[PDB]
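Protein sequences, first through last, are from chains G, E, L and C. With this note's numbering as the guide, the letters of the first sequence map in order to residues 1 to 264. With this note's numbering as the guide, the letters of the second sequence map in order to residues 1001 to 1096. With this note's numbering as the guide, the letters of the third sequence map in order to residues 2001 to 2239. With this note's numbering as the guide, the letters of the fourth sequence map in order to residues 3001 to 3188. What follows is a single structure, written as structure tokens, with notes after it.
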Amino acid sequence: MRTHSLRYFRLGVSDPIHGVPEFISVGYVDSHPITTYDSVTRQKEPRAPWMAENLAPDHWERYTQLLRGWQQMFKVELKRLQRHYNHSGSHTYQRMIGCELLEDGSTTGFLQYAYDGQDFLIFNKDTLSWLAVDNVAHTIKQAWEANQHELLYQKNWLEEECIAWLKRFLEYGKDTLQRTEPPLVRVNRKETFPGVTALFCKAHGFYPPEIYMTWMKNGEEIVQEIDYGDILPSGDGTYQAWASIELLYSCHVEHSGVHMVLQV
Amino acid sequence: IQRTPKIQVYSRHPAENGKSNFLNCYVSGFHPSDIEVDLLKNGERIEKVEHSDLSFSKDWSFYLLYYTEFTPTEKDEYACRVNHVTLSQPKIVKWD
Amino acid sequence: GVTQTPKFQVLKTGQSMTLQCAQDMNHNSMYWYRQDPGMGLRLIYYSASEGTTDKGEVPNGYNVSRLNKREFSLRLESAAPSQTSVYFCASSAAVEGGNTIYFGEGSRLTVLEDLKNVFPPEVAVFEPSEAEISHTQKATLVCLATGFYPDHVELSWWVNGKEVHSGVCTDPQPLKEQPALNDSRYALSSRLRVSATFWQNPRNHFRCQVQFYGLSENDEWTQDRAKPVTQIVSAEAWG
Amino acid sequence: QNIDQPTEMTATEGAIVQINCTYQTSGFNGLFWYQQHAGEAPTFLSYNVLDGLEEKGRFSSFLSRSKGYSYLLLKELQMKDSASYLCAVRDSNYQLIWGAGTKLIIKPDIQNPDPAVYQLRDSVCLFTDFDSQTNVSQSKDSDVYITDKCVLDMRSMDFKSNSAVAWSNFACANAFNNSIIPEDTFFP
Ligand SMILES: *[C@@H](C)/C=N/c1c(NC[C@H](O)[C@H](O)[C@H](O)CO)[nH]c(=O)[nH]c1=O
């Protein structure tokens, strides 16, 4: 199959404003949210019907318990970071853990933290160490690296457990995740400011979101600037994007092993 | 370091006046998480507005999708009003 | 680390009971297990952090309260004989690897239909055989704790007022005096071996002490014999 | 689902013993080895999550994730090593599944056996000084009480010995008739 990923995020907010949770934890398979938990609901809930349909109540009940523990731990860790930095008021703490199953069968794993939305600690599962961005992160790194059992446990979770969870979830959501919805592509030609013609290459209705679009002048890649539009969710499970140039021109689109040419 | 939201207003399908569609407002790249998003039709708030939960990016910023069913017309001006800490007053982003 | 009380308890069928547990390790995770012969520890209830509790494998007949971050109580609402077991409280910082589980000292609970068979032990000391002293130049004193019920005893040896471990052997399990009876009473033996010359010295005092865990002052007693309360029963010997 | 470890293992003091543990769980988040002395609380010995052997003194812990198996190795066996060894695994949902445990019995190395049956006084029979290969059988009569063999260690003398006690309401000459007692047994 194509490359797929499993990730879980955690967000801790010290001193939240009214109506903002103190703790949120959300899971994703690729671009799809799969699970959700916050300090308000205090429950782990499915975010995909295929997650709800395939995991029995005991899964949700068990993880709700673990998340209530993780919630408390996150708060304590943000308080310790704030004291180290000597910061008052509202500050954020974040975590992203995950893995990828590449098309070739090879795998990647990641575990990282942020303080006020900036990189804080990066786990290196290959050297079994933490990369500290500053002196406070260094204090944490020294404490965490002294726990050898935790470093080893983490590498096994990243490399083995995560990949097995990803494979399980991929099977559950195969009708959503493993499908292909090809793009509908068009080219729009227009004279803009007098003398300057803009050519837009617009694609929509596609799934997965990963799409390559470029512009070529006589079979060779452009030497001028191409403006790229972001891959945006249309709201129906499909995506849209574009690529434009000014000025023999052709738009090239690659999506899920299928290549397309629109000669202008 | 606080990051202001990128606000992108676009239709689900290529838009044609008089033909039923969906207007989307994709709000992304913001930090911290507290945000207020409204969809407006002629400067007036649309009540029937569906939205995604707060979403997390690998760069630590957040994103959301706010949408509503609509039939575009020459007379109607559709917009997305966003407020965030990085903004002094709400930012009104008009649909192109 | 993990402090739990009581070490021993005798309950009548239908009595309510509370086992207390405290940890001062600033741990989030807390557990109540029961340990029974032939099987691994069975989780009754657990508490992932303060403010949360959930059922384990065997929650029926039990309830819990995570009172605060330090304390996790286990309650038996209406004691039943199947709840006769050894209960362990445990704690850990978190569930992930890199967090060791710490256990309490254990709580042995005996649940009986009635207390009319609770008996403290009869403790006797048997002096070394003169044939052994001649044959080996060593002297073995034997201690017997007989007729006790339930099996809630701790035997110790004291030579000249000081507890000894060297040259001591206590049976790991007691022996059923009435093997056919459901409520058979128990007998436990222990040996203390010294050199012949050590035993031959008069001024050398040997005491076999048996701590029995029975009824408390709060338990009702309506039998003609003495109330079989927690007590120390002992037998002594000299050279 | 399943954690399997032998019920009991018997080895000789000064020797080596390997306590096996195979697990068949839904996911794996590490394996623990705990030691539990009779009437005491379990205490942590090791935690293994990656493949290989960890050596902590006389004790070693090995893990093979592909084989779903671990072992606890005890070298230079001592009488104090007689305990129950508990195998535990955290599954994909972090549930700590505990094995039934392995009771480890250590046979003392009996240097100079001197089998004998002695009559004591306050009646009790003492069958002592026999080799570790001798097995003491339970009583046939309900009014006769026979304990199993017990090992005592006279530390000051570097001496260890086995013994079994018998008593009733009966003589010492016929007390251990149901057990296979040595031909050289001394009867005063
Ligand atoms: C339901 C399975 C939700 N899980 C969840 C997790 N799960 C991943 C993993 O077990 C955990 O992150 C450990 O801490 C890794 O050592 N993680 C998370 O952050 N949020 C969740 O909702």
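Ideal Cβ positions, reconstructed from N, Cα and C, are used throughout, including at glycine.
Taking each of E:1037, E:1019 and E:1044 in turn and checking the Cα distance to residue 1072 of chain E, the smallest one comes out for E:1019.
Inclusion of residue 157 of chain G in the 6 Å shell around ligand 1 follows from its C-beta lying nearer than that to a non-hydrogen atom of the ligand. A residue is called buried when at least 16 other Cβ atoms come within 10 angstroms of its Cβ; residue 3130 of chain C meets this threshold and is buried. By alpha-carbon distance to residue 3142 of chain C, the top candidate from L:2186, L:2237, L:2200 and L:2002 is L:2186.
The beta carbon of residue 3081 of chain C sits closer than 7 Å to those of 3074, 3104 and 3106, all from its chain and outside the five residues before and after it, given in chain order.
Residue 2239 of chain L and residue 2161 of chain L have their C-alpha atoms some 15 Å from each other.
DSSP places residue 233 of chain G within a strand segment (E or B) once states are collapsed to three.
Here the alpha carbon of residue 2085 of chain L sits roughly 10 Å from the alpha carbon of residue 2033 of chain L. DSSP places residue 2227 of chain L outside both helix and strand once states are collapsed to three, so it counts as coil. Of the other Cβ atoms in all chains shown, 16 or more fall within 10 Å of the Cβ of residue 3063 of chain C; this residue is therefore buried. Remark: the C-beta of residue 10 of chain G is in contact range of ligand 1, defined as less than 6 Å to any heavy atom. Considered as a whole, the stretch 2071-2153 of chain L harbours 2072-2076, 2085-2092, 2107-2112, 2122-2126 and 2138-2148 as its complete beta strand (DSSP E) runs of no fewer than 3 residues, in chain order. Residue 43 of chain G carries a coil assignment under DSSP once its states are collapsed to helix, strand and coil. If you check the C-beta of residue 2100 of chain L against ligand 1, you find no heavy atom less than 6 Å away.
Distances from the CA of residue 2130 of chain L to each of L:2195, L:2047, L:2109 and L:2053 were compared; the closest alpha carbon is that of L:2195. Ranking G:186, G:187, G:167 and G:184 by CA distance to the CA of residue 178 of chain G puts G:167 first.
Interface annotation, residue 3049 of chain C: in contact with chain G, CB-CB separation under 7 Å. One thing to note: residue 2018 of chain L has its Cβ within 7 Å of the Cβ of residue 2073 of chain L.
The stretch 3115-3131 of chain C makes no contact with the stretch 3078-3095 of chain C; the number of CB pairs closer than 8 Å stays below 3. Residue 2031 of chain L: member of the beta strand (DSSP E) spanning 2029-2035, first to last residue. Of the candidates L:2049, L:2035, L:2056 and L:2052, the residue whose Cα lies closest to the Cα of residue 2043 of chain L is L:2056. Under the 7 Å criterion on CB atoms, residue 1038 of chain E is classed as non-interfacial with respect to chain G. Listed along chain E are 1053, each with a C-beta nearer than 7 Å to that of residue 36 of chain G.
Contacts with chain E (Cβ-Cβ distance below 8 Å) from the stretch 13-26 of chain G involve 13, 17, 20, 24 and 26, listed in chain order.
Put simply, the CB of residue 3002 of chain C is far from chain L, with every gap to its CB atoms at 7 Å or more.
Among the CB atoms of chain G, none fall inside 7 Å of the CB of residue 3052 of chain C.
Each residue's CA atom was taken as its position, placing residue 56 of chain G and residue 2222 of chain L some 53 Å apart. Interface with chain L (7 Å Cβ-Cβ cutoff): residue 150 of chain G is included.
In the DSSP assignment, residue 2162 of chain L falls within the unbroken beta strand (DSSP E) covering 2162-2164. Against chain L, the CB of residue 98 of chain G has no partner CB under 7 Å away; the residue lies outside that interface. For residue 20 of chain G, the CB contacts under 7 Å within the same chain, skipping 5 residues up- and downstream, are 13 in chain order. In this structure, the C-beta of residue 3082 of chain C stays at least 6 Å away from each heavy atom of ligand 1. 7 Å or more divides the Cβ of residue 2061 of chain L from the Cβ of residue 2088 of chain L. As the crow flies, the alpha-carbon of residue 31 of chain G is around 33 Å from that of residue 249 of chain G. Pairing residue 101 of chain G with residue 1094 of chain E, the inter-Cα distance amounts to about 40 Å.
Secondary structure of residue 3126 of chain C (DSSP, three-state): strand.
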